[PDB]
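Report on the structure given below.
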Amino acid sequence: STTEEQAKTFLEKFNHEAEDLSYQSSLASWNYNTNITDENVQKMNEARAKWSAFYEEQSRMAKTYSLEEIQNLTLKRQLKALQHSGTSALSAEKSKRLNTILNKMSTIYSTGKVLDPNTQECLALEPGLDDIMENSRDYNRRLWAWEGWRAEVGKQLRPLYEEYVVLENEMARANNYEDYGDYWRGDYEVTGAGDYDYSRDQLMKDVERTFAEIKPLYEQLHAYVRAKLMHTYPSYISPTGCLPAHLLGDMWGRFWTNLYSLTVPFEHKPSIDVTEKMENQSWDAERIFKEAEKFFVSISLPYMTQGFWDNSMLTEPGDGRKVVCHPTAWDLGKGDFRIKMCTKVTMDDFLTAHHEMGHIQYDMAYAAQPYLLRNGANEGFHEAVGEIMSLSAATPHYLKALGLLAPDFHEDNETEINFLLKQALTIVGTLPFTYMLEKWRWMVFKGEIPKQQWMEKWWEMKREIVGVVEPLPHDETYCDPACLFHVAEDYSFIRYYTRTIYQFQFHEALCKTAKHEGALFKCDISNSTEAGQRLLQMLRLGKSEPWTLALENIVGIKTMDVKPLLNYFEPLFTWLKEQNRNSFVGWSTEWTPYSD
Amino acid sequence: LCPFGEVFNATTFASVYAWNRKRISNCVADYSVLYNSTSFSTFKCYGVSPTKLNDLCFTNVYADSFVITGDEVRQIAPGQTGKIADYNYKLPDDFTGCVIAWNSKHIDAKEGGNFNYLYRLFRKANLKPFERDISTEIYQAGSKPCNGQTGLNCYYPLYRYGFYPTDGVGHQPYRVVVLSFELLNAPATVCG
Ligand SMILES: *[C@@H]1O[C@H](CO)[C@@H](O[C@@H]2O[C@H](CO)[C@@H](O[C@@H]3O[C@H](CO)[C@@H](O)[C@H](O)[C@@H]3O)[C@H](O)[C@H]2NC(C)=O)[C@H](O)[C@H]1NC(C)=O
Ligand SMILES: *[C@@H]1O[C@H](CO)[C@@H](O)[C@H](O)[C@H]1NC(C)=O
């Protein structure tokens, strides 16, 4: 007698208990994020504590159920997911030491502070330093802030990160993974699916192959941006060298978005900002979200539940409380779907409403799944589904069709090439940054980097992979990786690279089924019912099927392809190729701003 | 007059696993008013249209009232399967009555959760028609005895519906009254 039946009954218990418990927890989390008081912090904490204790209970129930004898794939997947036990494998002492280290690092990051020689005032990342790195054109305050961050804060995290790698390497080797990097890569693992499988190292191989296919586009973006920044900082930049890490738009060069002002190809053509016309036509938050609803419904997607319209916070409360205004899409469960957003009447918040309501659409589609499979196929699917909506909604065709733009309104390639260049500064710019960050973390966990070469490798890989040189020599007393929110606080990073590639596979596929003519960026998916149906045949899956199968359900391809990304950017590609006809493409890795 | 007001307008309904039965006898019933109330999201009769059973006489009537999620209201019908149909309230294949049902979100849902209503999640076998099982014996799923306690392969057979005034329509509370009409050799005391 196969205990499969016992595991069936156990999962039937788990679904129904966890439903109410996670509903409690999500509701208390909401009430803190909608009221934000000490009472509400306490209620949210108690709800989450009951929920987390329920997991420490039920994961350890599920450990017994041997996955091997579960031939109803769903069951095996629910049990596998619940049996991802992580830190419970470690000794209680070491679980506590690692939680101690993680809390230390996270609070160091969120509370670190560096001091002006200027004002003797001691700034911080989110207030002062980020405004410096995003809005400053002075070479020297950007260098000051960059370096002071990596020194006052990065140095304190260094031994914490060493012991962190140590303990989580043990924590991974306890769950039969080869290292913590393999543990994280265990997200994309697919097993027991003839023709649809996916090993944990094929993520390595696919990421490397597709980044190789990305390299030329990035090299020409890099040459062009180096040229413009050399025009805006001549004595500091080499025409052939890497980019000084502190001059890249934010504290890390993660996104080059804040460089657009210096790198805009056509500096005098009108940028599409419909925020003025929305204010001109007496639109409010209700109107923005109604229009997003209409967009989705045009594509044969369901309407928002009235509980959504009754329970979502779409305006600055400005009544009796304060709110964490970070736009979030909530799936509390039991058919309750909500959106937090302190919405302004702006084109940015308009597209953001489309993005968050796309998260909502993904949630509502797979609500018929068993909780444990109520999620994106893998970690990057959700945000890609969110991003393709903003793509389809920022297009002239859409903006005209909703009447937020003139019916005669056209758009001049200059305008279009400006838009593509901005899109590349944000999207293409983060791809090598992210690939190399995660490659360095992965190798550190694998052991391929000795502790005493920890940064020496990092910056070599900044010179080699991302074409970015540090402006000051850094010894192992630093830990400039950990200087990013994600590394200091233990998050897998490859999700952004995979999400980027997924969103363009998706948007290309849906624009094909839409019967879209012309270049792929302007494609609207509105009114393309067929595109929405092709998309739903993936959304309703959740993670009940392998992510290779979920991807095939949209793009007909079982794996990750940059050809849709390259097709999206081919006009800007052919633009950079002829701009750079009097420039050096690539980078020598030996030039540094500090050989003087 | 028949006391349908106390079956339908009852202040609180029973949990579906202890479904309430009221016997109806020796009274005149007007069923046309129960339907033309137009306040029932479900009023589906598998015996005869509500028209003739105002023009008809039965020996006993049975009003079975309880509460179940809207998505589960499809199970209160002959020939259906699911949790509620197998382990709570079963209608026979030759069922000759009506199923009436309305949305009780304004009554059975409250902020923070209304855990008053239960339902049976596991059972050894399926119910016969019009059977009621209200035992709280821990469901043994594996082969080790439970010793009357929840644990490994050992679960309480009853779980609580969470009726919130924010749930989706299908996870909202619904009040159901199933009307059964019988004929015997005894004279018919229920007419209209
Ligand atoms: C695709 O879906 C969009 C959804 O927004 C449709 O947009 C608008 O759809 C209406 C109804 O078909 C079109 O008729 C217009 O109604 C307005 C109402 O103010 C009226 O002023 C116009 O003279 C016209 O009668 C409307 O043209 C259209 N919007 C625009 C900017 O064209 C769109 O029609 C759908 N595509 C179709 C049906 O091919
Ligand atoms: C927020 O919390 C306060 C307690 O500080 C409470 O009085 C209020 O009812 C809560 N809800 C709101 C303001 O919507």
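Going through the structure tokens in order, the chains are called A, B, and so on, while each chain numbers its residues from 1 and the ligands are numbered from 1 in the order shown.
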Using only C-alpha atoms, which chain B residues lie at most 7 Å away from chain A, written as number ranges by chain?
B: 141-142, 152-153, 162, 166-168, 171
Could you list, as a ChimeraX atom specification, all the residues within 9 Å of ligand 1, counting only C-alpha atoms and all ligand atoms?
/A:291,294-295,298-299,397-407,526-528
Please produce a file of those selected residues containing N, CA, C and O atoms, as a PDB file, in the first residue's frame.
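Everything below was put into out.pdb:
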```
ATOM      1  N   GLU A 291      -8.828  52.087 -16.225  1.00  0.00           N
ATOM      2  CA  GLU A 291      -8.240  51.948 -17.554  1.00  0.00           C
ATOM      3  C   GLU A 291      -7.340  50.720 -17.640  1.00  0.00           C
ATOM      4  O   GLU A 291      -7.287  50.059 -18.681  1.00  0.00           O
ATOM      5  N   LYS A 294      -9.572  47.875 -18.020  1.00  0.00           N
ATOM      6  CA  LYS A 294     -10.071  47.858 -19.390  1.00  0.00           C
ATOM      7  C   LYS A 294      -9.034  47.291 -20.347  1.00  0.00           C
ATOM      8  O   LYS A 294      -9.377  46.548 -21.270  1.00  0.00           O
ATOM      9  N   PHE A 295      -7.761  47.641 -20.144  1.00  0.00           N
ATOM     10  CA  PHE A 295      -6.680  47.073 -20.944  1.00  0.00           C
ATOM     11  C   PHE A 295      -6.688  45.555 -20.863  1.00  0.00           C
ATOM     12  O   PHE A 295      -6.725  44.862 -21.885  1.00  0.00           O
ATOM     13  N   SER A 298      -9.833  43.999 -22.460  1.00  0.00           N
ATOM     14  CA  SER A 298      -9.688  44.022 -23.907  1.00  0.00           C
ATOM     15  C   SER A 298      -8.948  42.795 -24.413  1.00  0.00           C
ATOM     16  O   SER A 298      -9.150  42.374 -25.561  1.00  0.00           O
ATOM     17  N   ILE A 299      -8.110  42.202 -23.569  1.00  0.00           N
ATOM     18  CA  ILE A 299      -7.300  41.069 -23.952  1.00  0.00           C
ATOM     19  C   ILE A 299      -7.910  39.767 -23.422  1.00  0.00           C
ATOM     20  O   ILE A 299      -7.201  38.785 -23.199  1.00  0.00           O
ATOM     21  N   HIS A 397       0.568  53.804 -29.773  1.00  0.00           N
ATOM     22  CA  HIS A 397      -0.679  53.178 -30.206  1.00  0.00           C
ATOM     23  C   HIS A 397      -1.695  53.090 -29.074  1.00  0.00           C
ATOM     24  O   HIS A 397      -2.854  53.498 -29.224  1.00  0.00           O
ATOM     25  N   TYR A 398      -1.263  52.584 -27.921  1.00  0.00           N
ATOM     26  CA  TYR A 398      -2.124  52.522 -26.743  1.00  0.00           C
ATOM     27  C   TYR A 398      -2.475  53.911 -26.222  1.00  0.00           C
ATOM     28  O   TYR A 398      -3.651  54.213 -25.959  1.00  0.00           O
ATOM     29  N   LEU A 399      -1.459  54.756 -26.028  1.00  0.00           N
ATOM     30  CA  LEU A 399      -1.687  56.088 -25.475  1.00  0.00           C
ATOM     31  C   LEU A 399      -2.613  56.905 -26.368  1.00  0.00           C
ATOM     32  O   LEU A 399      -3.418  57.702 -25.875  1.00  0.00           O
ATOM     33  N   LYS A 400      -2.517  56.720 -27.684  1.00  0.00           N
ATOM     34  CA  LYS A 400      -3.477  57.354 -28.580  1.00  0.00           C
ATOM     35  C   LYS A 400      -4.855  56.734 -28.403  1.00  0.00           C
ATOM     36  O   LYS A 400      -5.863  57.445 -28.301  1.00  0.00           O
ATOM     37  N   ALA A 401      -4.907  55.398 -28.350  1.00  0.00           N
ATOM     38  CA  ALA A 401      -6.183  54.690 -28.379  1.00  0.00           C
ATOM     39  C   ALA A 401      -7.027  54.970 -27.146  1.00  0.00           C
ATOM     40  O   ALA A 401      -8.253  54.811 -27.188  1.00  0.00           O
ATOM     41  N   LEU A 402      -6.364  55.262 -26.028  1.00  0.00           N
ATOM     42  CA  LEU A 402      -7.122  55.607 -24.802  1.00  0.00           C
ATOM     43  C   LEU A 402      -7.422  57.099 -24.879  1.00  0.00           C
ATOM     44  O   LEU A 402      -8.179  57.605 -24.028  1.00  0.00           O
ATOM     45  N   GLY A 403      -6.846  57.767 -25.883  1.00  0.00           N
ATOM     46  CA  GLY A 403      -7.095  59.207 -26.074  1.00  0.00           C
ATOM     47  C   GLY A 403      -6.185  60.060 -25.209  1.00  0.00           C
ATOM     48  O   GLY A 403      -6.461  61.263 -25.083  1.00  0.00           O
ATOM     49  N   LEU A 404      -5.154  59.458 -24.616  1.00  0.00           N
ATOM     50  CA  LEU A 404      -4.186  60.238 -23.803  1.00  0.00           C
ATOM     51  C   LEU A 404      -3.172  60.865 -24.755  1.00  0.00           C
ATOM     52  O   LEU A 404      -2.287  61.587 -24.278  1.00  0.00           O
ATOM     53  N   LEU A 405      -3.299  60.592 -26.052  1.00  0.00           N
ATOM     54  CA  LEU A 405      -2.402  61.194 -27.069  1.00  0.00           C
ATOM     55  C   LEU A 405      -3.269  61.567 -28.273  1.00  0.00           C
ATOM     56  O   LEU A 405      -4.375  61.013 -28.385  1.00  0.00           O
ATOM     57  N   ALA A 406      -2.802  62.476 -29.130  1.00  0.00           N
ATOM     58  CA  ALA A 406      -3.650  62.899 -30.237  1.00  0.00           C
ATOM     59  C   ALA A 406      -3.854  61.760 -31.233  1.00  0.00           C
ATOM     60  O   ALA A 406      -2.941  60.951 -31.452  1.00  0.00           O
ATOM     61  N   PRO A 407      -5.039  61.655 -31.841  1.00  0.00           N
ATOM     62  CA  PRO A 407      -5.200  60.705 -32.951  1.00  0.00           C
ATOM     63  C   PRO A 407      -4.229  60.956 -34.090  1.00  0.00           C
ATOM     64  O   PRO A 407      -3.890  60.020 -34.827  1.00  0.00           O
ATOM     65  N   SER A 526      -3.308  45.165 -26.734  1.00  0.00           N
ATOM     66  CA  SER A 526      -4.720  45.465 -26.428  1.00  0.00           C
ATOM     67  C   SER A 526      -5.606  44.902 -27.531  1.00  0.00           C
ATOM     68  O   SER A 526      -5.189  44.954 -28.703  1.00  0.00           O
ATOM     69  N   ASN A 527      -6.773  44.375 -27.162  1.00  0.00           N
ATOM     70  CA  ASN A 527      -7.737  43.867 -28.172  1.00  0.00           C
ATOM     71  C   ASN A 527      -7.211  42.587 -28.821  1.00  0.00           C
ATOM     72  O   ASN A 527      -7.962  41.982 -29.615  1.00  0.00           O
ATOM     73  N   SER A 528      -5.978  42.196 -28.519  1.00  0.00           N
ATOM     74  CA  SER A 528      -5.474  40.905 -29.055  1.00  0.00           C
ATOM     75  C   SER A 528      -5.915  39.779 -28.127  1.00  0.00           C
ATOM     76  O   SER A 528      -5.060  39.241 -27.397  1.00  0.00           O
TER      77      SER A 528
END
```
Within 9 Å of ligand 2, which residues show up when you count only C-alpha atoms and all ligand atoms? List them as a PyMOL selection string, please.
chain A and resi 31-32+34-40+319-322
Export, as a tab-separated table (two decimals), in the first residue's frame, the selected residues with N, CA and C atoms.
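result-v5.tsv, freshly written:
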```tsv
chain	number	residue	atom	x	y	z
A	31	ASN	N	-2.63	45.40	7.40
A	31	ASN	CA	-3.05	46.41	8.36
A	31	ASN	C	-1.87	47.19	8.93
A	32	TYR	N	-0.69	46.58	9.04
A	32	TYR	CA	0.48	47.40	9.34
A	32	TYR	C	0.83	48.29	8.15
A	34	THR	N	-0.99	49.49	6.09
A	34	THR	CA	-2.05	50.46	5.70
A	34	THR	C	-2.32	51.41	6.86
A	35	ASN	N	-1.94	51.02	8.08
A	35	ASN	CA	-2.11	51.86	9.29
A	35	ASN	C	-0.72	52.17	9.86
A	36	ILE	N	0.16	51.18	9.95
A	36	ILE	CA	1.58	51.38	10.40
A	36	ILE	C	1.64	51.96	11.83
A	37	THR	N	1.16	51.22	12.83
A	37	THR	CA	1.20	51.69	14.24
A	37	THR	C	1.89	50.62	15.09
A	38	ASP	N	2.16	50.89	16.38
A	38	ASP	CA	2.90	49.92	17.17
A	38	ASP	C	2.02	48.71	17.48
A	39	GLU	N	0.74	48.97	17.78
A	39	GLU	CA	-0.26	47.91	17.87
A	39	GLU	C	-0.28	47.05	16.61
A	40	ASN	N	-0.23	47.69	15.44
A	40	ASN	CA	-0.32	46.94	14.19
A	40	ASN	C	0.96	46.19	13.89
A	319	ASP	N	-6.08	60.08	5.83
A	319	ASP	CA	-7.34	60.09	6.61
A	319	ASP	C	-6.96	60.03	8.09
A	320	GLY	N	-6.56	58.85	8.56
A	320	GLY	CA	-6.21	58.70	9.99
A	320	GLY	C	-4.95	57.88	10.19
A	321	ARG	N	-4.08	57.81	9.18
A	321	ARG	CA	-2.90	56.92	9.34
A	321	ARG	C	-1.84	57.20	8.28
A	322	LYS	N	-0.74	56.43	8.30
A	322	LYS	CA	0.36	56.60	7.32
A	322	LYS	C	0.59	55.25	6.64
```
Find, counting only C-alpha atoms, the residue in A:434, A:85, A:413, A:232 that gets nearest to residue 484 in chain A.
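Answer, going by the shortest atom-to-atom distance: A:434.
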Any idea what's packed within 12 Å of residue 185 in chain B, counting only C-alpha atoms, ignoring anything in its chain fewer than 4 positions away? Could you give it as a PDB file with N, CA, C and O atoms, in the first residue's frame?
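Okay, result_6.pdb is ready:
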```pdb
ATOM      1  N   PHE B  58     -48.249  16.475   0.312  1.00  0.00           N
ATOM      2  CA  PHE B  58     -47.283  15.473   0.736  1.00  0.00           C
ATOM      3  C   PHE B  58     -47.506  15.141   2.204  1.00  0.00           C
ATOM      4  O   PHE B  58     -48.102  15.918   2.955  1.00  0.00           O
ATOM      5  N   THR B  59     -47.004  13.974   2.612  1.00  0.00           N
ATOM      6  CA  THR B  59     -47.187  13.522   3.987  1.00  0.00           C
ATOM      7  C   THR B  59     -46.250  14.249   4.945  1.00  0.00           C
ATOM      8  O   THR B  59     -46.690  14.785   5.967  1.00  0.00           O
ATOM      9  N   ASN B  60     -44.957  14.288   4.627  1.00  0.00           N
ATOM     10  CA  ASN B  60     -43.993  15.014   5.440  1.00  0.00           C
ATOM     11  C   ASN B  60     -43.066  15.825   4.548  1.00  0.00           C
ATOM     12  O   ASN B  60     -42.730  15.419   3.427  1.00  0.00           O
ATOM     13  N   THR B 189     -50.474  15.835   5.041  1.00  0.00           N
ATOM     14  CA  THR B 189     -50.867  16.951   5.937  1.00  0.00           C
ATOM     15  C   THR B 189     -50.167  18.241   5.514  1.00  0.00           C
ATOM     16  O   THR B 189     -50.355  19.268   6.194  1.00  0.00           O
TER      17      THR B 189
END
```
Minimum-distance residue to residue 101 in chain B, chosen among B:79, B:173, B:192, B:3 (using only C-alpha atoms)
B:173
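Omitting range 170-176 of chain A and its sequence neighbours fewer than 5 positions away, and counting only C-alpha atoms, the residues within 10 Å are residues 84, 85, 86, 87, 88, 89, 90, 91, 94, 95, 98, 164, 165, 181, 182, 183, 184 and 445 of chain A.
Each of A:471, A:74, A:256, A:286 was compared to residue 144 in chain A using only C-alpha atoms, and A:471 turns out to be the nearest.
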Residue 170 in chain B environment, 7 Å, only C-alpha atoms, sequence neighbours closer than 3 positions dropped, as a list in words:
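My list of contacting residues is residues 69, 70 and 71 of chain B.
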Strand (DSSP E or B) positions in range 296-515 of chain A, given as a count of residues only:
14
What's the 8 Å shell around range 34-48 of chain B, counting only C-alpha atoms, without same-chain residues fewer than 3 positions away, as an NGL selection string?
:B and (30-31 or 51-53 or 95-103)
Run DSSP on the backbone and tell me which residues of range 24-124 of chain A come out as helix (DSSP H, G or I); list them as number ranges by chain.
A: 24-35, 38-64, 67-69, 73-82, 86-89, 92-111
Give me the residues near residue 64 in chain B as a count of residues only, where near means some atom within 8 Å (using only C-alpha atoms) and where sequence neighbours in that chain fewer than 5 positions away do not count.
8
re CA of residue 447 in chain A and CA of residue 163 in chain A: distance 13.5 Å
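For the set B:109, B:1, B:184, B:118, the residue with the smallest atom-to-atom gap to residue 161 in chain B is B:118, counting only C-alpha atoms.
Compared by their closest atoms to residue 190 in chain B, and using only C-alpha atoms, the residues B:126, B:104, B:81, B:26 rank with B:26 nearest.
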Just the number, please: distance in Å from CA of residue 163 in chain B to CA of residue 543 in chain A, one decimal.
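Taking CA of residue 163 in chain B as the start and CA of residue 543 in chain A as the end point, the length is 27.3 Å.
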